[PDB]
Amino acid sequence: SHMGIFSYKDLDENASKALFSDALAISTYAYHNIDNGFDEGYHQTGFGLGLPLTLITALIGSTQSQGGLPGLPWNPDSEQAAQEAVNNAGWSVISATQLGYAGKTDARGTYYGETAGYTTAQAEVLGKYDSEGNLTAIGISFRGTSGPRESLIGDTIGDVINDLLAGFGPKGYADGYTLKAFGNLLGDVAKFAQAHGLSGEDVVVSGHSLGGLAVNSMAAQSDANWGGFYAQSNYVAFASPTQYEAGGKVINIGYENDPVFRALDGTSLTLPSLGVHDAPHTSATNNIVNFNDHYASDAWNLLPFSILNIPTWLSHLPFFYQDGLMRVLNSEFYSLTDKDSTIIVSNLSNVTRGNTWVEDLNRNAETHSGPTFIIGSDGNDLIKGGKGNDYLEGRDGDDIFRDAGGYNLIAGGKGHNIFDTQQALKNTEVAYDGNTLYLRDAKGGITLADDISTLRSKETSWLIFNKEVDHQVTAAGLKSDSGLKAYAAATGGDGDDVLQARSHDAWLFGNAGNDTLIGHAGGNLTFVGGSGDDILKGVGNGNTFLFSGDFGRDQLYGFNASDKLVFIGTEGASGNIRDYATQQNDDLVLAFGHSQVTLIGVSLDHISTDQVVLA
């Protein structure tokens, strides 16, 4: 069973998602929009020939963004925007007075490290209140490397020393960081929480980078310190170089091409620390790609991947974390994801988005396996799936998809979306159920694509060899300059339809409701009952029975040695159909949670591996 890539302990899926959203919000907030100028410059001028312009904007911003430098009156107030965002997520800073904390805070309510050597550490303490004013949860956020704009360089230097000591320091250095920086604070927060009838489980702890380290550190100290109050707290660490994994306390979320993420093995420095370090850790999301201008670029990647290679640090910036991982969380495909799902996140600049395909390059990382999820942006994307099974999500904007094979789901989202086959249309079987486009390639691979207005092919003649041709996707068929080419389909609607296949139908679409789909002597038919509980009457040979997403509870008659079952994007993580099967008298039931299909008069030992696709 799939729990979502950001699944945490034993939480139900929605609780995990909600927690993830809170953690990312407070983790981001700790940086006070320090990378706001970089966000603007990156998107505007990129990471190539425009890089010099990007870097300057990162330092002094514009009238639309604030760089690292404070006090320029033509910049917007990015601190106010930072506070607005965290407050919109449901959080507000709790004051030292509210805590009765005797330590140091600044005018923005930020808490500072308590011990010599840790005084450039920063933490945020926030609360979520009900519409009634009662305290409901507490959030603890640790800042990564950097500090308030007004003391940026000095503070950053302090942090870098702490960073170096985590790799080159005492074995216990990383583990002690949070105890030494915020030992007293955390005690006061515990007393505060308790006075408000809250327990360790009402606390979310997060942070990015060095702040990620700090998350794992608190977790490491939480059984023995603070009366054990934070033992069962929720620890969500972003881009941490370290992992504390004993007791299942922490989830470590980051991008695999972020050289800081998992740079240390546990807390140890190893050879791979200075290079590629993509060995999978139990607590970590090991296969999320930040598909940005650096990652996309062959030229950039002639240089070895390394935390010592400064350009690679692009993938670490907190705005990529905030924006990219929220799209992952909000993805229409989220409930199909697991901790180690291969997820490619589009994070291109405006300079490259229109001429660069977002795809699994698998660069500087262990070989990916399992399905691949590619998450678009709300801009106009070029998205390309591989030869395996892909889940491509366009989101807003006018998106173009390509896919190299296998079994796939595509969500065009809003906008005018194109599916580009990259070859002669005659090489692809195309049908449509009124909403979803079905494409079957020459090897039997099947793609379901929603919100596609145009099917693009590449055609040729004895004269011209690469003409691109668009076909408007209409209910009546594909419309082109050559005319209107209908689908070989019988198509039902919202009702409980009875569909008998006619001579040249190749597809039966029940759509919503409880439909009866009846085959014909010639076989070679694809049955798609759709949602609702459908009856599928297979006749003759070479029939395909296709099921996707929540396909309801179907009954399949007539199944034989020459027929095929295809499940795409369905409940259950197993790739082995035996794991879904139970024999009920003469009937074989393949159960998929809320969906299932009962094959009447069939037993599992009569079904070969060629007859079933789990994708």
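In this text, residue numbers run from 1 along the sequence as written.
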| query | finding |
| --- | --- |
| Per the entry, higher mean C-alpha B factor between 480 to 488 and 403 to 411 | 480 to 488 |
| Which of 110 to 118 and 129 to 137 has higher mean CA B factor, as the PDB entry lists it | 129 to 137 |
| From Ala263, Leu517, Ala475, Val469, residue of greatest CA B-factor | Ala475 |
| For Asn162, the third of its chain into which the C-alpha B factor falls | lowest |
| Chain-relative CA temperature factor third for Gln583 | highest |
| Within-chain third of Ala193 by Cα B-factor, per the entry | lowest |
| Chain-relative CA temperature factor third for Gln596 | lowest |
| B-factor third for the C-alpha atom of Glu40 within its chain | middle |
